[PDB]
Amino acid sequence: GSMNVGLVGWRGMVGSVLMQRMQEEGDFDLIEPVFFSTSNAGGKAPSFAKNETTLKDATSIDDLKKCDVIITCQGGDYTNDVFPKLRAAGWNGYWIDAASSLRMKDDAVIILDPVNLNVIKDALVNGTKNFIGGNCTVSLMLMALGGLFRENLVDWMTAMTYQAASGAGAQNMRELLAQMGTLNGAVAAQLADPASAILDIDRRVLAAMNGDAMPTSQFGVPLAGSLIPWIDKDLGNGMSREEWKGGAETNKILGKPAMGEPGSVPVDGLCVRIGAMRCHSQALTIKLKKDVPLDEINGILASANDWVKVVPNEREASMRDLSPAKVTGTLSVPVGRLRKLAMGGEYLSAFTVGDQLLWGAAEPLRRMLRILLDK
């Protein structure tokens, strides 16, 4: 109970989910938590604090350096500023980070322990000190499909995603919900009138969607009632940075050669935002190395970790269990719609849904803390 663990970014959305999980799992009984803040350093720490009842300065190298471990959800700009300074000052502790900044560095491991505990443990023995959560899309895909990769069955995969607002941030979630209000408000009286004409309702909704009152400052365009087929930076070659992460991070998590080199697994596709709060869904075309029976595939997938489940490939079950409505706020990672595609027995469809803030953000970080504790 004497590991000194600094928490940075704990006030933000991802950090708040992390605090809740750490409390739920009893993690604070196992450590001495030290709370950092970008503002209000010297104020009172949160309830979780034990001996360190005062907030420390998030950009103070001297206070950060006293920690054995730092868990940060503060983001990439923070990492890019503070991390080099802290290491340059001689800090030799463990850095656990949600941000993308350090993911592809040779002295960092991308962490998803139900999938790559072996990669993590080997790196710890090799003296690695940087442990970085992967992109939410990749983490969620591998929590669902990791069994097939573990059995070396995947030739390649395309993923067409259906991504939630939470990946863009809290203000984006708020804008989505405000947009829902704009669209419903434009037709509230008409919806209450059974005799109203659908084409009038449709006209009114479109006029509201594309009008001045629709709040679009966060997304740039409507999300409610629509979709956005580009996420993150434009790499200038027809690929988004979100899409690029798929292949780069999948191969690194699994300890394979870099994307495009022999032995790597091609993972590619299109990343598209839809009007969901906090669950990402993905529709997969998977080429396997051989024609494996479906029953065997179901077992390989279901047995891979404690959170995946396979949803029977049937209408009612798929409608009720394979959706954001069912999965939001839970640690479950269902996969379903598993069948062979018309091209042949080596071609497999899949559809998976996972909570972006849990396995896609906070959960791997606290699990890495538990690995460092041997708990």
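Start at 1 with the first residue shown and count on from there.
47-55 versus 339-347: which one carries the higher mean Cα B factor per the record?
Of 47-55 and 339-347, the stretch with the higher C-alpha B-factor average is 47-55.
Between 252-260 and 169-177, which has the higher average C-alpha B-factor in the PDB entry?
Mean B over CA atoms: larger for 252-260.
Kindly indicate the residue among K287, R150, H280, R203 with the greatest C-alpha B-factor in the PDB record.
By C-alpha B-factor in the record, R150 ranks first.
Could you check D97, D234, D291, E242 and tell me which one carries the biggest Cα B-factor in the deposited entry?
Comparing C-alpha B-factors across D97, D234, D291, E242, the top value belongs to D291.
CA B-factor ranking of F83, expressed as a third of its chain:
Middle third by C-alpha B-factor.
Is the Cα B-factor recorded for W91 in the lowest, middle or highest third of its chain?
Highest third.
When the deposited Cα B-factors of this chain's modelled residues are ordered and cut into thirds, is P194 in the lowest, the middle or the highest one?
As the PDB entry reports it, the C-alpha B-factor of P194 lands in the highest third of its chain.
Going by the entry, which third of its chain does the Cα temperature factor of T128 land in?
Its C-alpha B-factor, which the entry lists for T128, ranks in the highest third among residues of this chain.
Lowest, middle or highest third: which one holds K105 when the chain's residues are ordered by CA B-factor from the entry?
Highest third - that is where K105 ends up once the chain's C-alpha B-factors are sorted.
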